[PDB]
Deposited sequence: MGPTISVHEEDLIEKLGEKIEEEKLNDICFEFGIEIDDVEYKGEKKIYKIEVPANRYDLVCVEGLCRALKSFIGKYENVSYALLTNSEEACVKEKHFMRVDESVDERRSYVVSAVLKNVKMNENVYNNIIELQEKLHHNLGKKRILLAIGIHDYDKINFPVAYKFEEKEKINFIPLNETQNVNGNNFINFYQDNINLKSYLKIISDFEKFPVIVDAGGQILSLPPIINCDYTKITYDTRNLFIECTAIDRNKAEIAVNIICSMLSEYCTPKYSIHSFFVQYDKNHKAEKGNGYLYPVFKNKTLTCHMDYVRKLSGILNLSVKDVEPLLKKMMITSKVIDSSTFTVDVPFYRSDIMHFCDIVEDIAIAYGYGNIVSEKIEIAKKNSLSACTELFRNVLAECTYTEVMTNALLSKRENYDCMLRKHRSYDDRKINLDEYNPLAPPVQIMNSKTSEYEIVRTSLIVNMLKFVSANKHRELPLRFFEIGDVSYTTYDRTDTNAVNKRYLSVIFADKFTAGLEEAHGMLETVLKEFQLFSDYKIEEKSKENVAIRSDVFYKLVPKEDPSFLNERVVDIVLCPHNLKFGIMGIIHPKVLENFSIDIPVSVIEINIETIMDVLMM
């Protein structure tokens, strides 16, 4: 969004005052509301973008002084609307309602250049394109003053009486060959056929019968804009009276400063014929609207906290506004005709906020509620397993030393073992032991999930195969001198598979890969494979499968899952040994994965 101005880079003038260079211009525009879009030579043009609603920033001159005030000075601008007697214009019964209004203006004794001339036409196209919306609501024309014998008029004339030498040609062009003539002009075919297809064509013409313009950009070649044009007459013809008003006020406003009696344009009157309206208008208008604000609104809306009216008068000046104090609880601003964008007290508040600096309003500091991450992680694990058609299970946290060790064909680690790392997966860590279970089978807190789902599988071996369960919950073990209770909890996930004809050493492996892949943690094999295919996988951390033996697992078919580069064991995966399938009364092969999701949590991506 927004209109891109193409201004120069030699551009930087005095107007600027500092010729401050790119880097602080950038925080100046950011603090102001402009984005510096690009720079590109033809040398080093600066294309910028400005608010769509502040039409007094669509030419280099309107930016210059605005941004200048933004820091430099208010420089309280001077106007001088002289004159009505020698230079007017009239609007005919003909003018109708397809394009009703014209607004005229006379910039007398004007400086002339050839890239100030570039300046002018860049301005004209800009206002044509956005405010005028590709000339559909207003068309602007720049004529040398002197070549137009006043008074002048604006009519809808019969095309067979329209004849003039447009800027393009040296040869006359009748009205009834007009469209056909420009029908294939690259720059103008657009406007032509649509805008005007009336019975008569709209012309502005002087008392000498000389056609000077039309809706289609062509104007007479005789009133051309070229250097050594002492002073200028502008006409703007439009379907909206007001936006034409604003158009010409912008134009003569913004090049008044560069006519030798600087900041002074001469004025015109437009008197509509009895049938149309019937009225008249004395251009330029140039009224200030002088809205006055109340001191509670501005700080409650702007969130400016404590500050009063003595601090306000400097603030608007940076935006090119004039400001004075009425009372501790009252303001007096006058809108410059400049600021056509201001309709309400809030527009002044917006500008006061900008002058204040959006980086300097102190925040509400709204206190949010953080969320436990372990819960977060385990719920993601739940979902990713449910989506592979695994069913969640929830077992007892208490069991017998006989179930955990004997039936599992193993013995637990020593209570004086000092190799035990609390970040690792510690299935045979020393347990938490209960004093008074009133139920014999409740000797210890579980230290591994695998036993309870072995029980579960035994429970449901009659059911329909394969069985695909997972449990995900807390384990406990004894940690003397390392926690305040000498016990700790860990969060494990176990995934059990069972089937009549196979222990899924292939499906458990794939399940682990798939589950970890969800968190962008890959096998080392995976990283090698997809990088030979020249793909970039998350490589900075990963896991590997280390073959080991285990009393409870069929030999050459069980593996430690190890996080790298940390080098920390965080799970196990393999076939369950047939003897312990006997011990747990399981007559079908079974495969298992258990991992301590607290080891890998900080490298997981969610």
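Could you list the ranges of the deposited sequence that have no C-alpha atoms in the model?
Residues lacking C-alpha coordinates: 43-44, 86-92, 286-288.
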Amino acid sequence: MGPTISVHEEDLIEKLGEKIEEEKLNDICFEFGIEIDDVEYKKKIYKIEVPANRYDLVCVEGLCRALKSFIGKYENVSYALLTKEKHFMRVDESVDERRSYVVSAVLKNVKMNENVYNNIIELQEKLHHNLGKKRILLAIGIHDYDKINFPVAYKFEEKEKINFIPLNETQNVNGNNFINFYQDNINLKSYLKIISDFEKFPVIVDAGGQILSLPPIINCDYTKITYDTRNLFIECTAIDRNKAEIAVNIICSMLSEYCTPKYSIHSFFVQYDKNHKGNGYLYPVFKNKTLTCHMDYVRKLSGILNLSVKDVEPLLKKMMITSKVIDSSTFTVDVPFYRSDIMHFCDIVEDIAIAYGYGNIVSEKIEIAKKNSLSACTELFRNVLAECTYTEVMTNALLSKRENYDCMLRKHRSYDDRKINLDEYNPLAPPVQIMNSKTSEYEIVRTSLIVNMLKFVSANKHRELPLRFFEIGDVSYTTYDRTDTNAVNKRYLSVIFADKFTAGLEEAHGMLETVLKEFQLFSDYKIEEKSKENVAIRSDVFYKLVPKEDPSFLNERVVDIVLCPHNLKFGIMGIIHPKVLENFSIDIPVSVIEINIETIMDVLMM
From here on, numbers count along this sequence of modelled residues.
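Select between 235-243 and 397-405 the stretch whose C-alpha atoms have the higher average B-factor in the entry.
That would be 235-243.
If you average the Cα B factors in the entry, which is higher, 69-77 or 125-133?
Higher mean C-alpha B-factor in the PDB entry: 69-77.
With respect to the C-alpha temperature factors reported in the PDB entry, which of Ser373, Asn275, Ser523, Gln210 ranks highest?
The listed residue with the largest C-alpha B-factor is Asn275.
Would you mind finding, among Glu582, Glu21, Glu598, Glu594, the residue with the largest C-alpha temperature factor in the entry?
Answer for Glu582, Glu21, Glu598, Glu594: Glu21, with the highest C-alpha B-factor.
Based on the entry's values, in what third of the chain does the Cα temperature factor of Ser437 lie: lowest, middle or highest?
Highest third of the chain for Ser437's C-alpha B-factor.
Please place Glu35 in the lowest, middle or highest third of its chain by C-alpha B factor as given in the entry.
Answer is middle: the recorded C-alpha B-factor places it there.
Could you tell me which third, lowest, middle or highest, the C-alpha B-factor of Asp423 occupies within its chain?
Lowest third of the chain for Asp423's C-alpha B-factor.
Name the third of the chain's ranked CA B-factors that contains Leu604, choosing lowest, middle or highest.
For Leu604, whose C-alpha B-factor we compare with every modelled residue in the chain, the answer is the lowest third.
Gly175: which third of its chain by C-alpha temperature factor?
Middle third - that is where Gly175 ends up once the chain's C-alpha B-factors are sorted.
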